[PDB]
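Chains as they are written, first to last, in the entry's author numbering: chain A, 31 to 50; chain B, 151 to 166, 184 to 200; chain C, 11 to 43. Cβ coordinates follow ideal geometry from the N, Cα and C atoms, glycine included.
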Amino acid sequence: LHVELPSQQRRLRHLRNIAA
Amino acid sequence: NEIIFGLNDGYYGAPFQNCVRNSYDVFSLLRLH
Amino acid sequence: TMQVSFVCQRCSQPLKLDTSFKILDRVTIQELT
Ligand SMILES: [Zn+2]
């Protein structure tokens with residue numbers, strides 16, 4: 031659920047997952 | 151050979184009036200900083 | 011309808027700005043930067 035309007039900070043701090 | 155990431159709101163991949188509220192005022196933002 | 015351009019990063023609700031933000035004096039810019 032990501033509102034696509036700008037000003038939504040998307041940094042490494044909001045990132046918790048990785049997969050291949 | 152792909153990697154799929156995950157953020158707070160979901161998963162991201164590689165590229166192949185009644186609900187409004189009040190925002191903090193400048194004084195409060197200065198106090199927070 | 012009401013057009014909004016910001017959303018709370020934690021609160022997850024659209025926000026309404028204050029006039030002082032649009033009328034930010036150079037003091038606030040210098041301090042926050
Ligand atoms: Zn909030």
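For the candidate residues B:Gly-163, B:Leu-197 and B:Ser-190, whose alpha-carbon lies nearest to that of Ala-50 (chain A)? B:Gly-163
Residues of its chain near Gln-38 (chain A), where Cβ-Cβ distance is below 7 angstroms and the 5 sequence neighbours each way are ignored: Within the same chain, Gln-38 (chain A) has no close Cβ partners at all.
Segment contact, 8 angstroms Cβ cut-off, at least three pairs: the stretch 186-200 of chain B with the stretch 40-50 of chain A: Cβ pair count under 8 angstroms is below three, so no.
Output needed for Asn-185 (chain B): all residues of its chain with C-beta closer than 6 angstroms, excluding positions within five of it in sequence on either side, in chain order. none
Span of the beta strand (DSSP E) holding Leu-45 (chain A)? 45-49
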